[PDB]
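*Asks:* What shape does this take:
(chains A, B, C, D, E and F)
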Amino acid sequence: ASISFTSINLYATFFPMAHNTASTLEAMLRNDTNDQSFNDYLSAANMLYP
Amino acid sequence: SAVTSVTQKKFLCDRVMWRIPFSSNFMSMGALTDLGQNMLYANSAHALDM
Amino acid sequence: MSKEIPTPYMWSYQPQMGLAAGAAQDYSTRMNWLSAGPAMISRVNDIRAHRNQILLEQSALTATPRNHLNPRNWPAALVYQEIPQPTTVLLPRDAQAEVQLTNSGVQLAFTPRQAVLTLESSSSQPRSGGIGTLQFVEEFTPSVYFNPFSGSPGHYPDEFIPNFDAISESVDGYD
Amino acid sequence: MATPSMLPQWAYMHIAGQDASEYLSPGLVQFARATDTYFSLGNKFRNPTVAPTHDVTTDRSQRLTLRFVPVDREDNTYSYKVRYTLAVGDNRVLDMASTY
Amino acid sequence: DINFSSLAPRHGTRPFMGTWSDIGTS
Amino acid sequence: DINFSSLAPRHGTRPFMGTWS
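*Replies:* Numbering: from 1, shown residues only, chains lettered A, B, ... in the order given. There you are, the coordinates:
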């Protein structure tokens, strides 16, 4: 079995919104008290032992 | 004409990972467990052997 | 009462529930070992006198009054606020006087009237928690206990024990 | 001008007015609440439901979707190395859950 | 989508030891 | 839930307003 790639292409979808609504949001999330934060669903140190 | 017999017993668990919490009750009453803050009740280093 | 002029107690650090992870004697210093001469009794314990004196002065200047070595939670006033200040957005569009233009058949991809809007904005609410790392240094200048373990228990520092909890007054380490 | 010319027609009915808790007489709202569990009225009266008309509008109007492009890479035997430098224009916020 | 939207948006109050209130007052 | 119809919020984005320059 063998796999080829021809075309590895990137797609993005944008929410259309007013450019005053958009620019308000940018200023809000350029403050470091409005820093976004994320965490793994399984947040774990993973160790395999024979 | 049934023959003498011995019982065999087992279980099968598939798609589960066994879990031992690090709580005093073994119950999750918050993500940050109550013995996760017992090393901020303390704050020392210990060795773990399993 | 007085048992020596003792070494200071160095507080440890931790990822902050509001504890300082106890304290312990300084053993990265001499002044209590042996081998020199008897003329260094006021040349090596004058040093140790000087270190302690600088500590009492230093602690008094830089540390807020407290009823506890480790309060387990500093008030919102006393965490030291490093949160941002106000800022202004120049909003780029009319959407109430350049939209009747697009209803009037104009496609778009500053030529209409000079309406430009400025918007102000602020920053977060006070936080209470553990003290910062810049302000840990100023709140936890090393302490000199001058009459070690003298008097009744209940005036002993139990906040130099890195296993003690002062909001249950018990020492539990699960060992 | 335009707004009083057309809109009292629509709030005669209830496709642009206020919700039923506000246009019904207060005694009927009180009775409908009291009796709800065995003799519903919360069906016989329509609530208007009106989309926001401003501050969400596309405005100038620009693309809903982008695709990012082919050029060259450094070769590898068992891995395929792809790079993008993204496109930029004006005043939009990308969500990375909607990239693939 | 295909439209429905109607009265009774929340719980109909009744002091739950019982199942009533009144018809209003007059 | 047993709903097949969105709400509208019934209000546009941003309550808070800025001065003309």
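*Asks:* And the residue nearest the centre of chain E?
*Replies:* The centre of chain E sits closest to residue E:12, judged by CA atoms, centre = their mean, with a distance of 3.0 Å.
*Asks:* Name the nearest residue to that residue, sequence neighbours excluded.
*Replies:* Nearest non-adjacent residue to residue E:12, counting by CB to CB, 6 or more residues apart in numbering or on different chains: residue D:36, 3.1 Å away. For the C-beta atoms, the positions are set from N, CA and C on the backbone; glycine is no exception.
*Asks:* which ones are touching the residue nearest to the centre of chain E?
*Replies:* Counting by CB atoms under 8 Å, 6 or more residues apart in numbering or on different chains, residue E:12 makes contact with D:32-37.
*Asks:* what's the answer for residue B:22, then?
*Replies:* Residues near residue B:22 by CB under 8 Å, 6+ apart: B:33, B:35-36.
*Asks:* Break down chain D into its strands, ranges please.
*Replies:* Secondary structure of chain D by DSSP state E: the strands cover D:65-68.
*Asks:* got the residues of it near chain A?
*Replies:* Within chain D, the residues that sit near chain A (CB under 8 Å from any CB of the partner chain) are D:54-68, D:70, D:80, D:82, D:84, D:90-95, D:98-100.
*Asks:* follow-up on the earlier one: could you dump the contacts of residue B:22 to CSV with secondary structure, neighbour count and distance to chain A?
*Replies:* As requested, those are exported to CSV (DSSP: H, G, I helix; E, B strand; the rest coil; neighbours: other CB atoms under 10 Å in any protein chain shown; distance: CB to the nearest CB, whole Å):
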residue, secondary structure, neighbour count, distance to chain A
B:33, coil, 16, 13
B:35, coil, 12, 17
B:36, coil, 14, 13
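*Asks:* how about these in TSV, adding distance to residue A:14?
*Replies:* Converted to TSV, the contacts of residue B:22 look like this (distance: CB to CB, whole Å):
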residue	distance to residue A:14
B:33	41
B:35	46
B:36	41
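*Asks:* Let me know the closest of these to chain E.
*Replies:* residue B:33 (36.4 Å; CB to the nearest CB).
*Asks:* mind checking how far stretch D:8-27 is from the chain centre?
*Replies:* 22 Å (CA atoms, centre = their mean, to the nearest Å).
*Asks:* and it, is it in reach of chain F?
*Replies:* No. Judged by CB under 8 Å from any CB, stretch D:8-27 stays clear of chain F, getting no closer than 9.0 Å.
*Asks:* Can you tell me how far the residue of chain E found nearest chain A is from residue C:29?
*Replies:* Nearest residue of chain E to chain A, counting by CB to the nearest CB: residue E:1, 19.6 Å away. Note on residue E:1: its distance to residue C:29, by CB to CB, to the nearest Å, is 76 Å.
*Asks:* Looking at the two, which is more packed in?
*Replies:* Set side by side, residue E:1 and residue C:29 show more neighbours around residue C:29, with 14 against 6, by other CB atoms under 10 Å in any protein chain shown.
*Asks:* what sits against residue D:92?
*Replies:* Counting by CB under 8 Å, 6+ apart, residue D:92 makes contact with A:14-17, A:22, D:62.
*Asks:* Next SSE downstream of the longest helix along chain C?
*Replies:* Identified as the longest helix of chain C according to DSSP state H is helix C:45-62. Going down the chain from helix C:45-62, the next helix or strand is strand C:87-91, by DSSP states H and E.
*Asks:* did I read that right, the residue nearest to the centre of chain E in a strand?
*Replies:* No. Per DSSP: H, G, I helix; E, B strand; the rest coil, residue E:12 lies outside any strand segment and is coil.
*Asks:* So the residue of chain C found nearest chain F: helix, strand or coil?
*Replies:* Among all residues of chain C, residue C:119 sits closest to chain F, at 3.3 Å; criterion: CB to the nearest CB. Recorded secondary structure, residue C:119: strand (three-state DSSP).
*Asks:* hey, what's it bridged with?
*Replies:* residue C:89 (DSSP bridges).
*Asks:* hmm, back to that, residue contacts, the residue of chain E closest to chain A?
*Replies:* Applying CB under 8 Å, 6+ apart, the residues near residue E:1 are F:4-6.
*Asks:* Of these, which is the nearest to residue C:107?
*Replies:* Taking CB to CB as the measure, residue C:107 sits nearest to residue F:6 out of the contacts of residue E:1, at 30.6 Å.
*Asks:* Show me the helices in chain A, by range?
*Replies:* Counting by DSSP H, the segments of chain A that form helices are A:21-28.
*Asks:* Next: chain D.
*Replies:* Under DSSP H, chain D gives helices at D:2-5, D:20-23, D:26-35.
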